[PDB]
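To be precise, the following lines are structure_11.cif, and they hold mmCIF, C-alpha atoms and all ligand atoms.
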data_final
#
loop_
_atom_site.label_atom_id
_atom_site.label_comp_id
_atom_site.auth_asym_id
_atom_site.auth_seq_id
_atom_site.Cartn_x
_atom_site.Cartn_y
_atom_site.Cartn_z
CA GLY A 1 0.00 0.00 0.00
CA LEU A 2 3.03 2.35 -0.08
CA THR A 3 3.77 4.50 -3.17
CA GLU A 4 6.75 3.48 -5.35
CA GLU A 5 8.67 6.54 -4.05
CA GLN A 6 7.91 5.54 -0.42
CA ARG A 7 9.20 1.97 -1.03
CA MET A 8 12.43 3.35 -2.62
CA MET A 9 12.86 5.76 0.32
CA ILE A 10 12.66 2.75 2.74
CA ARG A 11 14.96 0.68 0.49
CA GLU A 12 17.60 3.46 0.54
CA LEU A 13 17.40 3.89 4.32
CA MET A 14 17.55 0.09 4.94
CA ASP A 15 20.59 -0.15 2.53
CA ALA A 16 22.33 2.62 4.41
CA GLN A 17 21.61 1.02 7.82
CA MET A 18 22.89 -2.45 6.65
CA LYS A 19 26.13 -0.92 5.29
CA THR A 20 26.94 1.29 8.25
CA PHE A 21 25.52 -0.31 11.41
CA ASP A 22 28.00 -2.82 12.82
CA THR A 23 25.35 -4.62 14.93
CA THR A 24 27.86 -7.14 16.33
CA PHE A 25 30.41 -4.37 17.22
CA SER A 26 33.10 -6.61 15.66
CA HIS A 27 35.01 -3.56 14.33
CA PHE A 28 34.93 -1.67 17.69
CA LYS A 29 38.59 -2.33 18.61
CA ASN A 30 41.50 -0.65 20.48
CA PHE A 31 39.28 1.16 22.98
CA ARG A 32 40.30 2.36 26.43
CA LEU A 33 39.04 0.59 29.53
CA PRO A 34 38.88 1.64 33.21
CA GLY A 35 42.45 0.94 34.39
CA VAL A 36 43.53 -1.91 36.64
CA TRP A 37 32.51 21.52 39.92
CA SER A 38 29.63 20.42 42.23
CA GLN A 39 27.24 20.28 39.23
CA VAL A 40 29.64 17.93 37.34
CA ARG A 41 29.55 15.54 40.37
CA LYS A 42 25.70 15.42 40.12
CA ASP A 43 26.09 15.02 36.29
CA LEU A 44 27.58 11.51 36.88
CA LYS A 45 25.54 2.52 37.39
CA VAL A 46 26.29 -0.40 35.02
CA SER A 47 28.73 -3.35 34.91
CA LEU A 48 30.79 -3.99 31.72
CA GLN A 49 31.23 -7.57 30.51
CA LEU A 50 33.86 -8.45 27.86
CA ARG A 51 33.43 -12.00 26.52
CA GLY A 52 36.57 -13.47 24.96
CA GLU A 53 36.33 -15.68 21.85
CA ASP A 54 37.72 -18.50 24.05
CA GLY A 55 34.96 -18.55 26.71
CA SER A 56 36.67 -16.34 29.35
CA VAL A 57 34.89 -13.25 30.77
CA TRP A 58 36.31 -9.94 32.09
CA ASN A 59 33.73 -8.07 34.23
CA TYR A 60 34.01 -4.51 35.57
CA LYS A 61 31.89 -3.64 38.64
CA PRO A 62 32.08 0.14 39.23
CA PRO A 63 32.96 1.75 42.61
CA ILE A 64 33.03 8.55 37.82
CA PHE A 65 35.90 9.97 35.60
CA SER A 66 37.37 6.44 35.05
CA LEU A 67 34.58 5.40 32.64
CA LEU A 68 34.79 8.61 30.45
CA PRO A 69 37.67 7.44 28.14
CA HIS A 70 35.80 4.17 27.37
CA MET A 71 32.49 6.02 26.81
CA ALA A 72 34.29 8.58 24.55
CA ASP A 73 35.70 5.68 22.46
CA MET A 74 32.29 3.89 22.18
CA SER A 75 30.51 7.19 21.33
CA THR A 76 33.14 8.12 18.72
CA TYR A 77 32.86 4.66 17.14
CA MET A 78 29.01 5.02 17.00
CA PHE A 79 29.21 8.61 15.64
CA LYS A 80 31.48 7.41 12.79
CA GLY A 81 28.82 4.84 11.83
CA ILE A 82 26.09 7.54 11.95
CA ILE A 83 28.13 9.88 9.73
CA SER A 84 28.58 6.94 7.27
CA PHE A 85 24.77 6.32 7.48
CA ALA A 86 23.96 9.94 6.50
CA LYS A 87 26.55 9.90 3.68
CA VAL A 88 24.90 6.84 1.96
CA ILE A 89 21.53 8.68 1.73
CA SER A 90 21.01 10.57 -1.57
CA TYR A 91 18.69 13.16 0.12
CA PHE A 92 21.52 13.98 2.58
CA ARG A 93 24.34 13.75 -0.01
CA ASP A 94 22.67 16.42 -2.20
CA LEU A 95 22.48 18.97 0.67
CA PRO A 96 25.19 21.69 1.02
CA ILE A 97 28.22 20.50 3.04
CA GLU A 98 27.49 23.12 5.78
CA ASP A 99 23.91 21.85 6.20
CA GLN A 100 25.25 18.26 6.30
CA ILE A 101 27.60 19.33 9.17
CA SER A 102 24.72 21.13 10.96
CA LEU A 103 22.32 18.17 10.71
CA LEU A 104 24.95 15.71 12.00
CA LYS A 105 25.92 18.00 14.93
CA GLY A 106 22.23 18.22 15.86
CA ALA A 107 21.35 14.50 15.46
CA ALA A 108 24.52 12.47 16.29
CA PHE A 109 23.45 11.63 19.89
CA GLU A 110 19.81 10.93 18.86
CA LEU A 111 20.79 8.49 16.07
CA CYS A 112 23.25 6.76 18.41
CA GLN A 113 20.50 6.23 21.03
CA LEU A 114 18.13 4.89 18.33
CA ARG A 115 20.76 2.36 17.22
CA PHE A 116 21.56 1.45 20.90
CA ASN A 117 17.82 0.77 21.49
CA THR A 118 17.97 -2.05 18.88
CA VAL A 119 20.60 -3.86 21.02
CA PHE A 120 18.87 -3.06 24.37
CA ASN A 121 17.51 -6.13 26.19
CA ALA A 122 14.72 -4.77 28.41
CA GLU A 123 14.25 -8.12 30.26
CA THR A 124 17.85 -8.08 31.58
CA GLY A 125 18.50 -4.28 31.54
CA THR A 126 21.50 -4.78 29.21
CA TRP A 127 22.82 -3.20 25.97
CA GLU A 128 24.15 -6.24 24.07
CA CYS A 129 27.02 -4.85 21.98
CA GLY A 130 28.45 -8.02 20.48
CA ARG A 131 31.18 -9.26 22.86
CA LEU A 132 30.63 -6.19 25.18
CA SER A 133 27.57 -6.01 27.48
CA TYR A 134 26.60 -2.95 29.51
CA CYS A 135 24.31 -4.30 32.29
CA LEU A 136 22.25 -2.00 34.55
CA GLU A 137 22.96 -2.88 38.19
CA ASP A 138 19.88 -1.08 39.72
CA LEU A 139 12.72 4.35 35.20
CA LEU A 140 13.40 7.70 36.97
CA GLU A 141 16.31 8.54 34.62
CA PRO A 142 14.92 9.99 31.37
CA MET A 143 17.44 8.12 29.15
CA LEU A 144 16.57 4.82 30.84
CA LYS A 145 12.84 5.49 30.61
CA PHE A 146 13.29 6.30 26.90
CA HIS A 147 15.03 2.94 26.20
CA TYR A 148 12.40 0.94 28.11
CA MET A 149 9.46 2.75 26.45
CA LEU A 150 10.90 2.56 22.93
CA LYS A 151 11.72 -1.14 23.31
CA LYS A 152 8.12 -1.80 24.45
CA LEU A 153 6.81 -0.54 21.04
CA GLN A 154 8.52 -3.58 19.35
CA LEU A 155 9.41 -1.65 16.24
CA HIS A 156 10.47 -3.21 12.93
CA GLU A 157 13.92 -2.38 11.43
CA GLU A 158 12.10 -0.14 8.87
CA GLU A 159 10.47 1.91 11.66
CA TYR A 160 13.80 2.45 13.50
CA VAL A 161 15.50 3.59 10.25
CA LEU A 162 12.59 5.98 9.44
CA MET A 163 12.95 7.37 13.06
CA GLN A 164 16.68 7.96 12.29
CA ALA A 165 15.81 9.82 9.03
CA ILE A 166 13.13 11.95 10.78
CA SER A 167 15.62 12.87 13.52
CA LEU A 168 18.50 13.45 11.01
CA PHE A 169 16.43 15.73 8.77
CA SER A 170 15.40 18.22 11.51
CA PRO A 171 15.01 21.65 9.90
CA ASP A 172 15.30 23.50 13.22
CA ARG A 173 18.86 22.45 14.27
CA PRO A 174 21.29 25.38 14.89
CA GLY A 175 23.08 26.47 11.70
CA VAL A 176 20.63 24.98 9.16
CA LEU A 177 20.18 27.29 6.14
CA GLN A 178 18.00 25.15 3.83
CA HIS A 179 15.09 25.10 6.35
CA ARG A 180 12.41 24.51 3.66
CA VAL A 181 14.36 21.73 1.90
CA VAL A 182 15.10 19.79 5.11
CA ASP A 183 11.51 20.39 6.36
CA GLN A 184 10.09 18.94 3.11
CA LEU A 185 12.37 15.89 3.42
CA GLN A 186 11.37 15.33 7.10
CA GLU A 187 7.66 15.61 6.20
CA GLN A 188 8.07 12.95 3.48
CA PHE A 189 9.93 10.56 5.88
CA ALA A 190 7.17 11.08 8.51
CA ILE A 191 4.40 10.47 5.94
CA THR A 192 6.34 7.35 4.77
CA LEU A 193 6.49 6.05 8.39
CA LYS A 194 2.76 6.76 8.88
CA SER A 195 1.92 4.91 5.59
CA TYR A 196 4.23 1.98 6.47
CA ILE A 197 2.33 1.52 9.79
CA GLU A 198 -1.10 1.70 8.11
CA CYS A 199 -0.12 -0.84 5.46
CA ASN A 200 1.89 -3.29 7.62
CA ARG A 201 0.26 -3.25 11.06
CA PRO A 202 -3.07 -4.99 12.02
CA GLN A 203 -5.25 -1.83 12.04
CA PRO A 204 -6.88 -1.59 15.63
CA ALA A 205 -3.98 -2.50 18.03
CA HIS A 206 -1.51 -0.15 16.25
CA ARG A 207 -3.99 2.69 15.70
CA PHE A 208 -1.76 5.26 17.49
CA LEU A 209 1.69 3.74 16.92
CA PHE A 210 2.79 6.57 14.57
CA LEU A 211 1.89 9.22 17.24
CA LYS A 212 3.69 7.24 19.95
CA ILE A 213 6.83 7.19 17.77
CA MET A 214 6.63 10.98 17.09
CA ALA A 215 6.19 11.57 20.86
CA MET A 216 9.29 9.39 21.51
CA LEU A 217 11.24 11.51 18.95
CA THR A 218 10.15 14.71 20.80
CA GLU A 219 11.27 13.19 24.13
CA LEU A 220 14.60 12.16 22.52
CA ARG A 221 15.26 15.75 21.32
CA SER A 222 14.65 17.02 24.89
CA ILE A 223 17.04 14.40 26.37
CA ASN A 224 19.61 15.34 23.68
CA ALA A 225 19.59 18.97 25.01
CA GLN A 226 20.12 17.76 28.62
CA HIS A 227 22.90 15.39 27.51
CA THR A 228 24.79 18.10 25.56
CA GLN A 229 24.75 20.50 28.51
CA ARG A 230 25.86 17.73 30.93
CA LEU A 231 28.74 16.79 28.58
CA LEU A 232 29.99 20.39 28.18
CA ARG A 233 30.02 20.82 31.99
CA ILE A 234 32.04 17.57 32.47
CA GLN A 235 34.41 18.50 29.60
CA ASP A 236 34.93 21.97 31.14
CA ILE A 237 36.34 20.55 34.40
CA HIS A 238 37.73 17.20 33.15
CA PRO A 239 38.54 16.98 29.41
CA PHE A 240 37.65 13.60 27.86
CA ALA A 241 36.02 14.21 24.45
CA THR A 242 37.86 12.92 21.39
CA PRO A 243 38.50 15.41 18.49
CA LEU A 244 35.36 14.16 16.65
CA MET A 245 33.18 14.60 19.79
CA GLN A 246 34.59 18.15 20.26
CA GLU A 247 33.42 19.09 16.74
CA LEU A 248 29.97 17.44 17.08
CA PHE A 249 29.28 19.01 20.49
CA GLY A 250 30.85 22.48 19.92
CA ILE A 251 33.94 22.19 22.15
CA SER A 252 33.46 29.15 8.43
CA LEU A 253 31.49 26.07 9.58
CA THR A 254 33.70 23.84 7.36
CA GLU A 255 36.83 25.50 8.95
CA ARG A 256 35.57 24.76 12.50
CA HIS A 257 34.60 21.15 11.64
CA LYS A 258 37.52 19.80 9.59
CA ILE A 259 37.23 16.15 10.75
CA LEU A 260 33.49 16.18 9.89
CA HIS A 261 34.21 17.85 6.53
CA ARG A 262 36.90 15.22 5.76
CA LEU A 263 34.57 12.32 6.76
CA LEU A 264 31.79 13.76 4.55
CA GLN A 265 34.02 14.03 1.43
CA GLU A 266 35.38 10.45 1.84
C1 LIG B 301 24.37 7.64 32.04
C2 LIG B 301 25.36 6.59 31.65
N1 LIG B 301 26.07 6.03 32.62
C3 LIG B 301 26.98 5.07 32.31
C4 LIG B 301 27.83 4.30 33.07
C5 LIG B 301 28.50 3.45 32.16
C6 LIG B 301 29.50 2.41 32.46
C7 LIG B 301 30.21 1.79 31.43
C8 LIG B 301 31.09 0.76 31.70
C9 LIG B 301 31.29 0.34 33.00
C10 LIG B 301 30.61 0.95 34.03
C11 LIG B 301 29.72 1.98 33.77
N2 LIG B 301 28.12 3.68 30.90
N3 LIG B 301 27.19 4.67 31.00
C12 LIG B 301 26.48 5.20 29.95
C13 LIG B 301 26.68 4.54 28.63
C14 LIG B 301 27.51 5.15 27.70
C15 LIG B 301 27.76 4.52 26.51
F1 LIG B 301 28.60 5.08 25.61
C16 LIG B 301 27.18 3.30 26.20
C17 LIG B 301 26.31 2.69 27.10
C18 LIG B 301 26.08 3.30 28.35
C19 LIG B 301 25.25 2.57 29.38
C20 LIG B 301 25.56 1.44 26.70
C21 LIG B 301 25.80 1.05 25.27
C22 LIG B 301 27.25 1.31 24.95
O1 LIG B 301 27.54 2.71 25.02
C23 LIG B 301 25.54 6.19 30.24
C24 LIG B 301 24.72 6.89 29.19
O2 LIG B 301 24.22 5.88 28.31
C25 LIG B 301 22.79 5.85 28.02
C26 LIG B 301 22.38 7.16 27.38
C27 LIG B 301 21.98 5.57 29.27
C28 LIG B 301 22.69 4.71 27.04
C29 LIG B 301 25.58 7.91 28.45
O3 LIG B 301 25.62 8.02 27.24
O4 LIG B 301 26.26 8.68 29.26
#
Spit out the file's structure as structure tokens when you get a sec.
Ligand SMILES: Cc1nc2cc(-c3ccccc3)nn2c(-c2cc(F)c3c(c2C)CCCO3)c1[C@H](OC(C)(C)C)C(=O)O
Amino acid sequence: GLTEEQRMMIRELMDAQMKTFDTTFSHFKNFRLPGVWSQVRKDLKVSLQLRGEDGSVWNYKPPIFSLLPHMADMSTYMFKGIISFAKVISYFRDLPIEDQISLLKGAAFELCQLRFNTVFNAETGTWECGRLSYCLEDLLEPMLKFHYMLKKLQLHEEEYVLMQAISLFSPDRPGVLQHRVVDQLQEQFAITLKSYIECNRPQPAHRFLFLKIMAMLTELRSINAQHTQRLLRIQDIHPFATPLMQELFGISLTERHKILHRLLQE
């Protein structure tokens, strides 16, 4: 029941996701591990499990700043995959390089959380990242509530990838010049998601699924703002961000974002 243009739009997004989402984290290598002012303290509860290909397990039970290098490496690895995702998309590729930088700076965290939700096991409170597992030791925390609520919707791969496109093509991110072009693209991804749900879901039980997804995207944008401000405060008193994170989080747009500009021309 989708139009031919809507099916091609989904095909292109699914192609891009398959090529750029390392779901088994088998290429996440050479990362740092935890070794063997007042607001930044409040700004900072999981165990890390590293399964060896031989059976052996290394587990890290936490006691603050000792997890930051590892998190910076995982985030940077995820952000590289999200930049590669946006590059594969023709609608993104045809935008001016400055608007490409602006959209990625605005959506990097949101797209990373959407991809992390696909590996989140809500029954065990664990993000299953291939041989790495981040297990909640223990709904009040907005980011946790978001992962539990999104997982509960039991979305298809197509719905997650349309959520990524809707979040990526946000016309109101700081620095966006082609507001009307990006707004038209976002509207067509949202209409495509709405049509996909009408055509593929048994009508009554999924009657408001599209609205629930759009509400989750609104909540995600709000959490993104809280995360960015928390990160800048931590970075200000204890530097940890990698050069790519510094560019994405704001720590002549092509001159200020040379790593991003290089990654986009590759
Ligand atoms: C609040 C917060 N506390 C902590 C704490 C530890 C941590 C990591 C290793 C050992 C001990 C503690 N990790 N960790 C993370 C964290 C970070 C990541 F990169 C990441 C993952 C998570 C859990 C899971 C998938 C792999 O990637 C977060 C936040 O994660 C969410 C937004 C909630 C997802 C965040 O992004 O700050």
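Distance annotation: of A:231, A:153, A:40, A:101, the residue with the minimal separation from ligand LIG 301 (chain B) is A:231; atom set is only C-alpha atoms and all ligand atoms.
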Exercise. How would you write, as an NGL selection string, the set of residues no farther than 9 Å from ligand LIG 301 (chain B) when counting all atoms listed in the file?
Worked result: :A and (33-34 or 43-49 or 59-64 or 66-68 or 70-76 or 78 or 109 or 112-113 or 116-117 or 119-120 or 126-129 or 132-136 or 141-144 or 147 or 227 or 231)
For the selection just defined, write its residues with C-alpha atoms to a file, as an mmCIF file, keeping the file's coordinate frame.
data_model
loop_
_atom_site.group_PDB
_atom_site.id
_atom_site.type_symbol
_atom_site.label_atom_id
_atom_site.label_comp_id
_atom_site.auth_asym_id
_atom_site.auth_seq_id
_atom_site.Cartn_x
_atom_site.Cartn_y
_atom_site.Cartn_z
ATOM 1 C CA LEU A 33 39.040 0.590 29.530
ATOM 2 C CA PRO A 34 38.880 1.640 33.210
ATOM 3 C CA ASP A 43 26.090 15.020 36.290
ATOM 4 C CA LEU A 44 27.580 11.510 36.880
ATOM 5 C CA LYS A 45 25.540 2.520 37.390
ATOM 6 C CA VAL A 46 26.290 -0.400 35.020
ATOM 7 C CA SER A 47 28.730 -3.350 34.910
ATOM 8 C CA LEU A 48 30.790 -3.990 31.720
ATOM 9 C CA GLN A 49 31.230 -7.570 30.510
ATOM 10 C CA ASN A 59 33.730 -8.070 34.230
ATOM 11 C CA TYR A 60 34.010 -4.510 35.570
ATOM 12 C CA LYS A 61 31.890 -3.640 38.640
ATOM 13 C CA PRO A 62 32.080 0.140 39.230
ATOM 14 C CA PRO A 63 32.960 1.750 42.610
ATOM 15 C CA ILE A 64 33.030 8.550 37.820
ATOM 16 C CA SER A 66 37.370 6.440 35.050
ATOM 17 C CA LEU A 67 34.580 5.400 32.640
ATOM 18 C CA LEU A 68 34.790 8.610 30.450
ATOM 19 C CA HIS A 70 35.800 4.170 27.370
ATOM 20 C CA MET A 71 32.490 6.020 26.810
ATOM 21 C CA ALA A 72 34.290 8.580 24.550
ATOM 22 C CA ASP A 73 35.700 5.680 22.460
ATOM 23 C CA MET A 74 32.290 3.890 22.180
ATOM 24 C CA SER A 75 30.510 7.190 21.330
ATOM 25 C CA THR A 76 33.140 8.120 18.720
ATOM 26 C CA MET A 78 29.010 5.020 17.000
ATOM 27 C CA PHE A 109 23.450 11.630 19.890
ATOM 28 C CA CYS A 112 23.250 6.760 18.410
ATOM 29 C CA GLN A 113 20.500 6.230 21.030
ATOM 30 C CA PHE A 116 21.560 1.450 20.900
ATOM 31 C CA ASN A 117 17.820 0.770 21.490
ATOM 32 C CA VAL A 119 20.600 -3.860 21.020
ATOM 33 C CA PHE A 120 18.870 -3.060 24.370
ATOM 34 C CA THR A 126 21.500 -4.780 29.210
ATOM 35 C CA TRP A 127 22.820 -3.200 25.970
ATOM 36 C CA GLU A 128 24.150 -6.240 24.070
ATOM 37 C CA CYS A 129 27.020 -4.850 21.980
ATOM 38 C CA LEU A 132 30.630 -6.190 25.180
ATOM 39 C CA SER A 133 27.570 -6.010 27.480
ATOM 40 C CA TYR A 134 26.600 -2.950 29.510
ATOM 41 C CA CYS A 135 24.310 -4.300 32.290
ATOM 42 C CA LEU A 136 22.250 -2.000 34.550
ATOM 43 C CA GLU A 141 16.310 8.540 34.620
ATOM 44 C CA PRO A 142 14.920 9.990 31.370
ATOM 45 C CA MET A 143 17.440 8.120 29.150
ATOM 46 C CA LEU A 144 16.570 4.820 30.840
ATOM 47 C CA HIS A 147 15.030 2.940 26.200
ATOM 48 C CA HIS A 227 22.900 15.390 27.510
ATOM 49 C CA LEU A 231 28.740 16.790 28.580
#
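Residues lying within 10 Å of (24.9, 1.3, 9.7). Counted over all atoms listed in the file, they are residues 13, 14, 15, 16, 17, 18, 19, 20, 21, 22, 23, 78, 80, 81, 82, 83, 84, 85, 86, 88, 115 and 161 of chain A.
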Saved selection, atoms kept: C-alpha atoms, as an mmCIF file, keeping the file's coordinate frame:
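Output saved as out-v6.cif:
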data_model
loop_
_atom_site.group_PDB
_atom_site.id
_atom_site.type_symbol
_atom_site.label_atom_id
_atom_site.label_comp_id
_atom_site.auth_asym_id
_atom_site.auth_seq_id
_atom_site.Cartn_x
_atom_site.Cartn_y
_atom_site.Cartn_z
ATOM 1 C CA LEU A 13 17.400 3.890 4.320
ATOM 2 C CA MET A 14 17.550 0.090 4.940
ATOM 3 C CA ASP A 15 20.590 -0.150 2.530
ATOM 4 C CA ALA A 16 22.330 2.620 4.410
ATOM 5 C CA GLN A 17 21.610 1.020 7.820
ATOM 6 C CA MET A 18 22.890 -2.450 6.650
ATOM 7 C CA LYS A 19 26.130 -0.920 5.290
ATOM 8 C CA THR A 20 26.940 1.290 8.250
ATOM 9 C CA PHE A 21 25.520 -0.310 11.410
ATOM 10 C CA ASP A 22 28.000 -2.820 12.820
ATOM 11 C CA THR A 23 25.350 -4.620 14.930
ATOM 12 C CA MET A 78 29.010 5.020 17.000
ATOM 13 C CA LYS A 80 31.480 7.410 12.790
ATOM 14 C CA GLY A 81 28.820 4.840 11.830
ATOM 15 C CA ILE A 82 26.090 7.540 11.950
ATOM 16 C CA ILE A 83 28.130 9.880 9.730
ATOM 17 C CA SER A 84 28.580 6.940 7.270
ATOM 18 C CA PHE A 85 24.770 6.320 7.480
ATOM 19 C CA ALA A 86 23.960 9.940 6.500
ATOM 20 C CA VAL A 88 24.900 6.840 1.960
ATOM 21 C CA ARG A 115 20.760 2.360 17.220
ATOM 22 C CA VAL A 161 15.500 3.590 10.250
#
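Atom pair CA of residue 38 in chain A / CA of residue 69 in chain A: separated by 20.8 Å.
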For this session: Excluding residue 160 in chain A and residues on its chain fewer than 3 positions from it, collect all residues at most 10 Å away from it, counting all atoms listed in the file, and give them as JSON, numbers by chain.
Result: {"A": [13, 14, 17, 111, 114, 115, 117, 118, 150, 154, 155, 156, 157, 163, 164, 165, 166, 193, 213]}
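When all atoms listed in the file are used to compute distances to residue 265 in chain A, the closest of the residues A:169, A:39, A:50, A:96 turns out to be A:96.
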For this session: Compare A:1, A:102, A:233, A:148 by their minimum atom-to-atom distance to residue 254 in chain A, counting only C-alpha atoms, and give me the closest one.
Result: A:102
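Considering all atoms listed in the file, the residue among A:107, A:217, A:244, A:2 positioned nearest to residue 174 in chain A is A:107.
Atom pair CA of residue 146 in chain A / CA of residue 168 in chain A: separated by 18.2 Å.
One distance worth recording is that between CA of residue 35 in chain A and CA of residue 56 in chain A, which is 18.9 Å.
For residue 170 in chain A, the list of residues within 10 Å, based on only C-alpha atoms and with local chain neighbours fewer than 5 positions off taken out, reads residues 102, 103, 104, 106, 107, 165, 176, 179, 182, 183, 184, 185, 186 and 187 of chain A.
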For this session: Pick out the closest residue to residue 221 in chain A from this set: A:5, A:110, A:247, A:158. Count all atoms listed in the file.
Result: A:110
For this session: Would you mind telling me which residue in A:32, A:12, A:202, A:149 lies nearest to residue 215 in chain A when using all atoms listed in the file?
Result: A:149
Exercise. Within 10 Å of (20.8, 28.0, 4.2), only C-alpha atoms: residues as a VMD selection string?
Worked result: chain A and resid 95 to 96 98 to 99 175 to 181
Residue neighbourhood residue 229 in chain A, 10 Å, only C-alpha atoms, exclusion window fewer than 5 positions, as a PDB file with C-alpha atoms, in the coordinates of the input:
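around37.pdb was written with the following content:
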ATOM      1  CA  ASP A  43      26.090  15.020  36.290  1.00  0.00           C
ATOM      2  CA  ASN A 224      19.610  15.340  23.680  1.00  0.00           C
ATOM      3  CA  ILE A 234      32.040  17.570  32.470  1.00  0.00           C
ATOM      4  CA  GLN A 235      34.410  18.500  29.600  1.00  0.00           C
ATOM      5  CA  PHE A 249      29.280  19.010  20.490  1.00  0.00           C
TER       6      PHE A 249
END
Problem set entry | Non-local contacts of residue 28 in chain A (8 Å; only C-alpha atoms; under 3 positions in same chain excluded) as a ChimeraX atom specification | /A:25,31,74,77
